[PDB]
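Asker: Quick check, what structure comes out for this input:
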Amino acid sequence: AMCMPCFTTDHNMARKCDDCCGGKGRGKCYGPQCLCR
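Answerer: Numbers count the residues shown, from 1 in each chain. Now the structure:
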């Protein structure tokens with residue numbers, strides 16, 4: 001399912017997840033998975 005992981009130890013996890021999902025507000029970190037909205 002995931003575009004990429006979300007690791008809480010990576011304080012930039014939300015910006016990375018957005019990058020994976022195509023830009024601002026497009027990705028959500030839900031537990032350990034970045035999911036494209």
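Asker: mind checking which helix or strand the residue positioned nearest the centre of the chain is in?
Answerer: Residue closest to the average C-alpha location in the chain (CA atoms, centre = their mean): residue 17, at 2.3 Å. Per DSSP states H and E, residue 17 falls inside helix 13-21.
Asker: Please export the C-alpha coordinates of the helix or strand following that helix as CSV.
Answerer: Where DSSP H and E defines the elements, the next helix or strand beyond helix 13-21 is strand 27-30. C-alpha atoms of strand 27-30 as CSV (Å, rounded to 0.1, in the frame of the first residue of the first chain):
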residue,chain,number,x,y,z
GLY,A,27,0.6,12.1,1.6
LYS,A,28,-0.4,11.0,5.1
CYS,A,29,1.8,9.2,7.6
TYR,A,30,-0.5,6.6,9.3
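Asker: Pull out the buried positions in strand 27-30.
Answerer: Of all the residues in strand 27-30, those buried under the rule 16 or more other CB atoms under 10 Å are 27, 28, 29. Yep, even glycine has a C-beta here, placed from its N, CA and C like the rest.
Asker: Let me see the contact set for the second one.
Answerer: Which is residue 28. In this structure, residue 28 makes contact with 17, 34, 35, 37, judged by CB atoms under 8 Å, 6 or more residues apart in numbering.
Asker: Who are the packing partners of the helix or strand hosting the second one?
Answerer: Here residue 34 sits within strand 33-36, counting by DSSP H and E. Counting contacts by 3 or more CB pairs under 8 Å, 6 or more residues apart in numbering; DSSP states H and E, strand 33-36 is packed against strand 4-5, helix 13-21, strand 27-30.
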